[PDB]
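Only one chain is included here, represented as structure tokens and corresponding to the form deposited in one PDB entry.
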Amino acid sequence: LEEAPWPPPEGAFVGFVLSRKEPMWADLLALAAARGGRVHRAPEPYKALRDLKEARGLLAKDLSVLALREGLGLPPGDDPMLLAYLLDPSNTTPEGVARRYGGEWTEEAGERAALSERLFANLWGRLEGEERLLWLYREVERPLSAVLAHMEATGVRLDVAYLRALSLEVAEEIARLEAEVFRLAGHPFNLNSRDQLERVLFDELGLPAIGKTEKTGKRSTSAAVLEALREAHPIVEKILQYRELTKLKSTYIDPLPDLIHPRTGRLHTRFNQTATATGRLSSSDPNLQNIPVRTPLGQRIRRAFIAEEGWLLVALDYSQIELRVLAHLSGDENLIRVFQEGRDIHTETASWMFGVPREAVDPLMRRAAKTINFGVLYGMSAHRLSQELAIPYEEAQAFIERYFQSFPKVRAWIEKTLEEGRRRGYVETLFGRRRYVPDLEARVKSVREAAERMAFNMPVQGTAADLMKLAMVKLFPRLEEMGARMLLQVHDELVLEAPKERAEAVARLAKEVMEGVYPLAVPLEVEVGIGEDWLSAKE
């Protein structure tokens, strides 16, 4: 392309190079733009940003977040990555997308600008006639990228001092556990090494091996294996506790306080829009979609996520969402009726599991039942089921039989979905998001059946994903108008931050928007909590 002076005309595609992948932490090393057979290279990248009306091109959101960081209201526009992702969600990297749709991802801004331009042209052409994918792009993905940019640049507050204090207490407990483990082993070793631990458990103490690892076929020391061996030797329970504590310390307690951004004094994640096979978002650098909540220490960590002073967190979470979605997709009367009657399948399963009335079910019981309900729905084996429930194999089988016998049309929907997946080569969500699954026609049964579970899950999980995205796009402008902030999405949950005086009003509005987003054959219900911290917000 003919080189030309900065700035570019309106509608130009941008290319840019960052010192690191995370836009909140990156230095903008170079910036260029391409349009109408011209390439414009910016002599001063930061200053040049103010000349742009929007960020249009590959990874548009990243440039937008950096702009927002610098106090510039630069929104993201067209991004070929989003087009490619909609065509085929295995399109997840600019490297792959460039190669596939007409170019090469290099480390030069001008070349990236030019690449963005021609990729958009090509990919736009491919989405012609694809009216549903086009709808998703214009009505969901493109606007959502703006929403996500603001969320990333906003960040969330973290009680750093608290976490620092927590680290020392956890360190002392870890020392206590490991010392005990070493005594029981008769000698010290690296307890963080599963290879060393395998030798101690199965060769030195005698313990019977139960399972093997996938790629290298070592004797597994996973929690599932250790659970089965809890009553075989005292060292086992000690290892399980050590694992729990060290996992939380190494992954959350220690890293997170070090990631507070110096300017904002908050913690900033990345919400990746083209990262999953089903249409879910992912979160990275750091991942804020897997903050602990199940165990006591886990809850203490979640409490470190706090509202700004004078503000409150609002947490909203769709109730039994994939089950409701399944009701709609399958059209099963029995399942639809369950939700019309305001029933809770997680609580009911829980009451059965622990053998107590539905009123006796506590949160941890219900949560346990959640794993069981979705586990069974998406093809869990009776053997695994029996093992995790410590009930005979025969009982496990029976629960799985009643589960489906309760809801006749679910299996019917599955069969139809798989048949159609085999025919077209892909499956799709309610809104037409696609996932290609060639292995539905695999000649190896284990490979084929794995593919089948992926395939019939995707329309359900993906539809739920689409609904949340649509809800975020509708909700965002309403929140702006109320002076509230959208902070995090956790799959079927949103976390907002609102001034205390308005927090209740914001909660009510957000709930109604989420419930009214796209009516199904069953009501959508959203549970909402308000609190000074994320854990308190979830009640």
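Superpose the two forms; the largest set of C-alphas matching within 1.5 Å is the rigid core. Note that residue numbering follows the sequence shown and begins at 1.
Below: the form deposited in another entry, not depicted.
Relative to the superposed core, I260 undergoes a Cα shift smaller than 2 Å between the shown form and the other one. Core-superposed comparison between the shown form and the other one: CA of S351 displaced by 2 Å or more. The Cα-Cα distance between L335 and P357 is shortened by 3 Å or more in the other entry relative to the form shown here. Cα of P357 to Cα of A327: at least 3 Å shorter in the other entry than in the shown structure.
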